[PDB]
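1. When you get a sec, could you give me coordinates for this:
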Amino acid sequence: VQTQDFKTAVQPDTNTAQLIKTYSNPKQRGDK
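-> Numbers count the residues shown, from 1 in each chain. Structure as follows:
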């Protein structure tokens, strides 16, 4: 899972979110 370019109030790059993204959306690019 790729990290986002920068953090946002609505979308923080939390470890829990990245763990959920493994099965929810593993193909997200992360390029804003």
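2. measure residue 8 to residue 30 for me?
-> 12 Å (C-beta to C-beta, to the nearest Å). Just so you know, the C-beta spots here come from the backbone N, C-alpha and C atoms, and that holds for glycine as well.
3. count of residues packed around the nearest residue to residue 31 once chain neighbours are set aside?
-> Nearest residue to residue 31, sequence neighbours excluded (C-beta to C-beta, 6 or more residues apart in numbering): residue 5, at 6.1 Å. When neighbours are counted by other C-beta atoms under 10 Å, residue 5 registers 11.
4. Could you double-check that residue 5 lies in contact with residue 11?
-> No. Using C-beta atoms under 8 Å, residue 5 makes no contact with residue 11, being 10.9 Å away.
5. all helices of this structure, in order?
-> Ranges of helices in the chain, per DSSP state H, are 15-24.
6. List the residues that contact the residue lying farthest from the centre of the chain.
-> Distance from the C-alpha centroid of the chain peaks at residue 9, with 12.9 Å (C-alpha atoms, centre = their mean). Shown in contact with residue 9 (C-beta atoms under 8 Å, 6 or more residues apart in numbering): no residues.
7. ok, so what distance separates the residue nearest to residue 31 from residue 26?
-> In terms of C-beta to C-beta, residue 5 sits 18 Å off from residue 26.
8. One more: residue 2?
-> Distance, residue 2 to residue 26, by C-beta to C-beta: 10 Å.
9. and what of residue 8?
-> 20 Å.
10. Please apply the same query to residue 1.
-> When residue 1 is compared with residue 26 (using C-beta to C-beta), they lie 6 Å apart.
11. who's more crowded, the two?
-> residue 1 (15 against 10).
12. okay but that one is in contact with residue 22, surely?
-> Yes. If you go by C-beta under 8 Å, residue 1 and residue 22 touch, sitting 6.3 Å apart.
13. List the contacts of residue 7.
-> residue 13.
14. Identify the residues contacting residue 2.
-> Per C-beta under 8 Å, 6+ apart, neighbours of residue 2: 28, 29, 30.
15. which phi and psi does residue 12 have?
-> Note on residue 12: its backbone torsions stand at phi -80, psi 150 [degrees, to the nearest 10].
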